[PDB]
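Trainee: Quick one: the structure is below, questions incoming.
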Protein chains: 2
Amino acid sequence: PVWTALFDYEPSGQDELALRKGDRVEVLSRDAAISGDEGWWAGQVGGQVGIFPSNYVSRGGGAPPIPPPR
Amino acid sequence: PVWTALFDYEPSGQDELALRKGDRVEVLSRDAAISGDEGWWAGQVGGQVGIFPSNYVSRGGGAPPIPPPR
């Protein structure tokens with residue numbers, strides 16, 4: 001299972017992670033005790049680690065599906 | 001109501017539309033009569049119109065969500 005950013009997000013604080021549409025986001029914690037806020041998760045995109053709004057990602061992506069026949 | 005590509009799709013036919021993950025895809029028809037094959041939809045990306053595998057897109061996109069409070 002992977003998560004994919006479905007929207008761009010621009011940090012309004014230094015501990016926040018920028019998201020761009022289509023980014024694969026590695027979800028490192030869903031626990032508010034770590035993100036510091038309900039509805040914020042901790043993740044990584046490329047080399048960057050920070051918190052991001054959980055409603056900006058969708059569980060989806062990974063291996064591309066086999067396309068239907070033509 | 002927006003559709004987003006969740007995976008990259010490399011065309012393998014002259015009427016096929018390339019997708020890149022995170023692209024918004026304007027869906028012009030879901031009808032196989034139009035696409036010419038079940039599970040292939042017709043759409044527009046980047047000014048080009050062609051067909052793509054319907055299993056590469058997800059309904060979602062539109063406006064970025066309201067982020068939760070910190």
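Residues in the structure tokens are numbered from 1 in each chain, the chains being A, B, ... in the order shown, and ligands are numbered from 1 in the order shown.
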DSSP on the backbone, then: every residue of chain B marked alpha helix (DSSP H), written as a VMD selection string.
Mentor: chain B and resid 32 to 35
Trainee: Using only C-alpha atoms, find which residues of chain A lie within 6 Å of chain B and jot them down as a count of residues only.
Mentor: 11
Trainee: What parts of chain B does DSSP call strand (DSSP E or B)? I'd like the answer as a list in words.
Mentor: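 After running DSSP on the backbone, chain B has strand (DSSP E or B) at residues 3, 4, 5, 9, 16, 19, 24, 25, 26, 27, 28, 29, 40, 41, 42, 43, 44, 45, 48, 49, 50, 51, 52, 53, 57, 58 and 59 of chain B.
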Trainee: Can you spit out the residues from that selection as an mmCIF file, in the first residue's frame, using N, CA and C atoms?
Mentor:
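Ended up saving to out.cif:
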```
data_model
loop_
_atom_site.group_PDB
_atom_site.id
_atom_site.type_symbol
_atom_site.label_atom_id
_atom_site.label_comp_id
_atom_site.auth_asym_id
_atom_site.auth_seq_id
_atom_site.Cartn_x
_atom_site.Cartn_y
_atom_site.Cartn_z
ATOM 1 N N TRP B 3 -10.854 13.983 -12.009
ATOM 2 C CA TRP B 3 -10.109 12.726 -12.044
ATOM 3 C C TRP B 3 -8.641 13.047 -12.140
ATOM 4 N N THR B 4 -7.865 12.260 -11.371
ATOM 5 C CA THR B 4 -6.425 12.409 -11.275
ATOM 6 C C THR B 4 -5.785 11.094 -11.639
ATOM 7 N N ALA B 5 -4.724 11.157 -12.440
ATOM 8 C CA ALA B 5 -3.930 9.980 -12.639
ATOM 9 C C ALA B 5 -3.138 9.574 -11.354
ATOM 10 N N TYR B 9 1.332 6.383 -17.123
ATOM 11 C CA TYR B 9 0.944 5.471 -18.235
ATOM 12 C C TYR B 9 1.687 5.948 -19.494
ATOM 13 N N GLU B 16 -3.619 6.681 -27.880
ATOM 14 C CA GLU B 16 -3.543 6.623 -26.422
ATOM 15 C C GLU B 16 -2.927 7.874 -25.836
ATOM 16 N N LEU B 19 -0.133 9.442 -19.454
ATOM 17 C CA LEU B 19 -0.511 10.003 -18.125
ATOM 18 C C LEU B 19 0.754 10.070 -17.344
ATOM 19 N N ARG B 24 -4.250 15.991 -13.697
ATOM 20 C CA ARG B 24 -5.719 16.029 -13.798
ATOM 21 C C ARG B 24 -6.060 15.595 -15.208
ATOM 22 N N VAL B 25 -7.035 14.720 -15.298
ATOM 23 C CA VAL B 25 -7.450 14.161 -16.566
ATOM 24 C C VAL B 25 -8.894 14.595 -16.757
ATOM 25 N N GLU B 26 -9.170 15.286 -17.848
ATOM 26 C CA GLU B 26 -10.529 15.688 -18.182
ATOM 27 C C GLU B 26 -11.131 14.535 -18.904
ATOM 28 N N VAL B 27 -12.188 13.911 -18.349
ATOM 29 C CA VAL B 27 -12.769 12.734 -18.907
ATOM 30 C C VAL B 27 -13.875 13.168 -19.871
ATOM 31 N N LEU B 28 -13.701 12.833 -21.136
ATOM 32 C CA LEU B 28 -14.586 13.281 -22.247
ATOM 33 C C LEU B 28 -15.613 12.188 -22.480
ATOM 34 N N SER B 29 -15.284 10.924 -22.251
ATOM 35 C CA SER B 29 -16.283 9.847 -22.244
ATOM 36 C C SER B 29 -15.791 8.648 -21.529
ATOM 37 N N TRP B 40 -11.345 1.313 -21.218
ATOM 38 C CA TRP B 40 -10.564 2.494 -21.772
ATOM 39 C C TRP B 40 -11.518 3.653 -21.910
ATOM 40 N N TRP B 41 -11.141 4.806 -21.348
ATOM 41 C CA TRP B 41 -11.900 6.062 -21.401
ATOM 42 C C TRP B 41 -11.235 7.027 -22.317
ATOM 43 N N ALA B 42 -11.989 8.042 -22.751
ATOM 44 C CA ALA B 42 -11.464 9.086 -23.610
ATOM 45 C C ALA B 42 -11.317 10.309 -22.780
ATOM 46 N N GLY B 43 -10.211 11.006 -23.004
ATOM 47 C CA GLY B 43 -9.946 12.150 -22.198
ATOM 48 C C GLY B 43 -9.007 13.131 -22.810
ATOM 49 N N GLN B 44 -8.769 14.191 -22.011
ATOM 50 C CA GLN B 44 -7.852 15.225 -22.437
ATOM 51 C C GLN B 44 -6.829 15.526 -21.351
ATOM 52 N N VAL B 45 -5.578 15.561 -21.785
ATOM 53 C CA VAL B 45 -4.488 16.010 -20.942
ATOM 54 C C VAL B 45 -3.577 16.913 -21.776
ATOM 55 N N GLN B 48 -4.091 17.419 -25.472
ATOM 56 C CA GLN B 48 -4.196 16.278 -26.380
ATOM 57 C C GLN B 48 -5.372 15.439 -25.949
ATOM 58 N N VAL B 49 -6.052 14.806 -26.933
ATOM 59 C CA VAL B 49 -7.248 13.952 -26.656
ATOM 60 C C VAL B 49 -6.913 12.581 -27.103
ATOM 61 N N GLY B 50 -7.220 11.599 -26.268
ATOM 62 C CA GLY B 50 -7.004 10.205 -26.630
ATOM 63 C C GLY B 50 -7.573 9.369 -25.567
ATOM 64 N N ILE B 51 -7.222 8.098 -25.622
ATOM 65 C CA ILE B 51 -7.774 7.169 -24.697
ATOM 66 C C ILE B 51 -6.763 6.701 -23.697
ATOM 67 N N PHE B 52 -7.268 6.251 -22.535
ATOM 68 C CA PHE B 52 -6.392 5.822 -21.461
ATOM 69 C C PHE B 52 -7.106 4.738 -20.663
ATOM 70 N N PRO B 53 -6.346 3.994 -19.895
ATOM 71 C CA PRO B 53 -6.930 2.911 -19.088
ATOM 72 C C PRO B 53 -7.601 3.499 -17.902
ATOM 73 N N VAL B 57 -6.847 6.168 -13.155
ATOM 74 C CA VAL B 57 -7.334 7.393 -12.600
ATOM 75 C C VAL B 57 -8.271 7.139 -11.409
ATOM 76 N N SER B 58 -8.403 8.163 -10.567
ATOM 77 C CA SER B 58 -9.281 8.157 -9.405
ATOM 78 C C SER B 58 -10.039 9.483 -9.336
ATOM 79 N N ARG B 59 -11.302 9.384 -8.907
ATOM 80 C CA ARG B 59 -12.215 10.528 -8.829
ATOM 81 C C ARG B 59 -11.862 11.256 -7.538
#
```
Trainee: For CA of residue 1 in chain A and CA of residue 14 in chain A, determine how far apart the two atoms are, in Å to one decimal place.
Mentor: 28.1 Å
Trainee: By how many Å are CA of residue 18 in chain B and CA of residue 2 in chain B apart?
Mentor: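 Answer for the CA of residue 18 in chain B to CA of residue 2 in chain B separation: 17.5 Å.
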Trainee: What does the structure give for the distance between CA of residue 46 in chain B and CA of residue 31 in chain B, in Å to one decimal?
Mentor: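 We find that CA of residue 46 in chain B and CA of residue 31 in chain B lie 21.5 Å from each other.
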